[PDB]
Amino acid sequence: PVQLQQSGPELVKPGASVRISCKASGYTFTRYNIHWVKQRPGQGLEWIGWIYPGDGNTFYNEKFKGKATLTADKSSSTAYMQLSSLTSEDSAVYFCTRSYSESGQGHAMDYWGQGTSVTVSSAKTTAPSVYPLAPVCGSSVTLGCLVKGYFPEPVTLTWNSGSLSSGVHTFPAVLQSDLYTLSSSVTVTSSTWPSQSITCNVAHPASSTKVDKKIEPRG
Amino acid sequence: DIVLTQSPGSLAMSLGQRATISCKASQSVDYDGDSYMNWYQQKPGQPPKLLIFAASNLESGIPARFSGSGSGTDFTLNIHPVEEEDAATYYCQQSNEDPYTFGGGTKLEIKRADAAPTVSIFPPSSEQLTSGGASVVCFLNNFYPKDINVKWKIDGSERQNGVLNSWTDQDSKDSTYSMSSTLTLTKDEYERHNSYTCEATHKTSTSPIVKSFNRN
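So the sequences go chain by chain: H and L. As numbered in the entry's author numbering, residues 1 to 137, 142 to 223 make up the first sequence, in order. As numbered in the entry's author numbering, residues 1 to 216 make up the second sequence, in order.
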């Protein structure tokens with residue numbers, strides 16, 4: 001199967017450079033174009049350019065000339081994009097994708113990488129606090149887990165190590181005090197909890213934060 | 001640069017109906033006998049997924065519920081039996097002239113029956129109070145339509161400062177929306193008041209849904 005695996009999220013100081021990778025497998029790397037697409041938070045898709053790994057040929061969108069450089073590694077089937085003079089406005093998700101080659105195939109981008117989130121900021125990596133939210137001192145009961153004050157994105161949250169997946173609402177983070185805050189709710193039958201163990205598990209890999217918080221009834 | 005204009009920008013269609021998305025190109029995107037109009041679906045947190053290529057060809061693995069039409073400068077994407085999982089944003093795209101360009105995107109909301117929010121209020125955890133903060137959290141879950149108003153009342157007085165709200169995208173399974181409202185005070189601020197109230201105004205009730213607690 002055609003797969004494009006991109007590098008993980010990046011935090012970069014303003015004015016610096018970042019180089020993100022796109023590793024291809026499942027097809028002949030030297031016979032297809034690799035395109036790069038930019039998506040600012042909450043916005044649409046902007047096309048950056050393409051590289052042909054077969055001969056190293058490239059084409060760049062005029063808006064991205066002088067800021068983006070596309071390279072390809074034949075010895076490892078990996079495409080790279082370097083972005084320079086990084087601006088806080090350059091914070092976005094960058095996708096790599098391969099396009100159809102054959103006639104009548106529209107040159108459509110049929111396989112996409114998962115995207116690489118680039119954060120351009122001078123703010124320092126910060127570990128969050130994780131707070132268990134028990135109900136106030142019905143047929144169902146709702147519990148919460150608050151992850152307050154982390155930077156940069158992302159964090160991952162699970163309930164009972166991911167086994168408790170239904171009835172979960174994990175909300176998008178909001179910016180609070182120049183940091184990120186998110187919360188999650190889980191709703192179960194009232195006969196389930198206080199009686200069965202329920203724990204929220206939080207990871208913030210950028211700060212190597214790994215926390216289990218068991219929800220306990222209030223006193 | 002070929003400019004692609006999508007219409008409508010936002011669309012809501014009931015379950016099982018037909019959704020139609022239009023894409024108008026400033027210049028023709030068909031060349032000789034071939035067309036370079038492509039359609040993509042993007043769900044939250046995911047890369048775009050190719051649906052239609054060369055303006056009418058169904059991409060392998062994509063259900064036949066999706067189809068495309070048009071030529072030259074005018075193209076259309078049709079989703080017959082609209083389903084819950086189709087909640088996403090849809091993009092047209094041109095591969096005719098460099099630079100490749102995308103349409104602005106069309107967000108499709110799946111219509112469903114009205115549903116009142118399930119509202120839960122949470123006092124600050126003891127650990128956060130030891131940390132010096134006091135976040136009062138209110139979950140308003142599984143409601144429809146998405147339009148909802150949250151009021152925070154402290155000792156019966158409305159409070160606006162210190163409230164931060166977060167909304168989920170439309171659920172891919174039950175087409176509902178959920179929202180978290182957080183009133184963040186300092187510990188000193190929080191202990192100067194007794195009654196904390198999260199008030200939800202939604203179309204499913206003429207009277208607001210009220211959840212409250214006393215600091216005690």
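No residue lacks a Cβ here, since even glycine has one placed at the ideal position from N, Cα and C.
Euclidean distance between Cα positions of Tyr52 of chain H and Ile34 of chain H = Computed Cα separation, rounded: 6 Å.
message = According to DSSP, is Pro208 of chain L part of a helix, a strand, or is it coil?
response = In the structure shown, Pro208 of chain L sits in coil (DSSP, three-state: anything other than H, G, I, E or B).
ask   = Looking at C-beta atoms only, is the number of pairs between the stretch 45-53 of chain L and the stretch 125-140 of chain L that lie closer than 8 Å three or more?
value = No: the two stretches stay apart, fewer than three of their Cβ pairs being nearer than 8 Å.
query = Who are the Cβ neighbours of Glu158 of chain L in its own chain at under 8 Å, not counting the five residues just before and after it?
reply = Counting only Cβ-Cβ distances below 8 Å, and skipping sequence neighbours, we find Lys151 and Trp152.
task = Using three-state DSSP, classify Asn164 of chain H as helix, strand or coil.
result = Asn164 of chain H: helix per DSSP, three-state reduction.
query = From this set, H:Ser101, H:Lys217 and H:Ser77, which residue's C-alpha is nearest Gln5 of chain H's C-alpha?
reply = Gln5 of chain H has its Cα closest to that of H:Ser77, out of H:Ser101, H:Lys217 and H:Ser77.
inquiry  = Suppose the cutoff is 7 Å on Cβ atoms and the five residues either side in sequence are ignored; what does the same chain contact list for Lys67 of chain H look like?
reply    = The residues are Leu83, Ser84 and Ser85.
request  = Can you pull the chain L residues whose beta carbon is under 9 Å from the beta carbon of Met81 of chain H, in chain order?
outcome  = At a beta-carbon threshold of 9 Å, none of the residues of chain L lie near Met81 of chain H; the nearest stands roughly 15 Å away.
task = Give the C-beta separation of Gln6 of chain L and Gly105 of chain L to the nearest angstrom, bearing in mind that I take them to be a contact with Cβ-Cβ under 8 Å.
result = Confirmed, Cβ separation roughly 6 Å.
task = Write down the C-beta distance between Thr203 of chain H and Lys152 of chain H rounded to the nearest angstrom, noting that I regard them as a contact closer than 8 Å.
result = Contact doesn't hold; Cβ gap of about 18 Å is too wide.
query = Could you give the uninterrupted runs of the beta strand (DSSP E) lying entirely in the stretch 165-189 of chain H, keeping only those of 3 residues or more?
reply = The qualifying runs are 172-174 and 178-180.
task = Could you tell me which of L:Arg112, L:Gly162, L:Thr197 and L:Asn149 sits nearest to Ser120 of chain L, measuring between CA atoms?
result = Among L:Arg112, L:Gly162, L:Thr197 and L:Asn149, the Cα nearest to that of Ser120 of chain L belongs to L:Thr197.
ask   = Using DSSP with H/G/I as helix, E/B as strand and the rest coil, what is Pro132 of chain H?
value = Of the three classes helix, strand and coil, the one that applies to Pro132 of chain H here is strand, per DSSP.
key: Limits of the unbroken beta strand (DSSP E) element including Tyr111 of chain H   = For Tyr111 of chain H, the uninterrupted beta strand (DSSP E) segment begins and ends at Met109 to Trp112.
query = Would you say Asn194 of chain L faces chain H, with C-beta separation under 8 Å as the test?
reply = No, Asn194 of chain L lies away from the interface with chain H (no Cβ there is under 8 Å from its Cβ).
Where the beta strand (DSSP E) through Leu129 of chain L begins and ends = Not the beta strand (DSSP E): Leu129 of chain L falls in the alpha helix (DSSP H), residues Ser126 to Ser131.
task = Along the beta strand (DSSP E) that carries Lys23 of chain H, what are the first and last residues, could you check?
result = Element bounds for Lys23 of chain H: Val18 to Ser25.
ask   = Hey, how far is the Cα of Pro132 of chain H from the Cα of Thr184 of chain L?
value = Whole-angstrom Cα-Cα distance: 16 Å.
message = To the nearest angstrom, how far is the alpha carbon of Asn194 of chain L from that of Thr186 of chain L?
response = One C-alpha to the other measures close to 14 Å.
request  = Indicate whether the contact test is met: 3 or more Cβ pairs, each with one atom in the stretch 112-126 of chain H and one in the stretch 154-171 of chain H, closer than 8 Å.
outcome  = Inter-segment contact for the stretch 112-126 of chain H and the stretch 154-171 of chain H is present: three or more beta-carbon pairs are separated by less than 8 Å.
ask   = Curious, which full-length beta strand (DSSP E) runs of at least 3 residues does the stretch 157-216 of chain L contain?
value = Here the runs fully enclosed are 157-159, 163-167, 177-186, 195-201 and 209-214.
query = How is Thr146 of chain H classed by DSSP in three states: helix, strand or coil?
reply = It is a strand residue.
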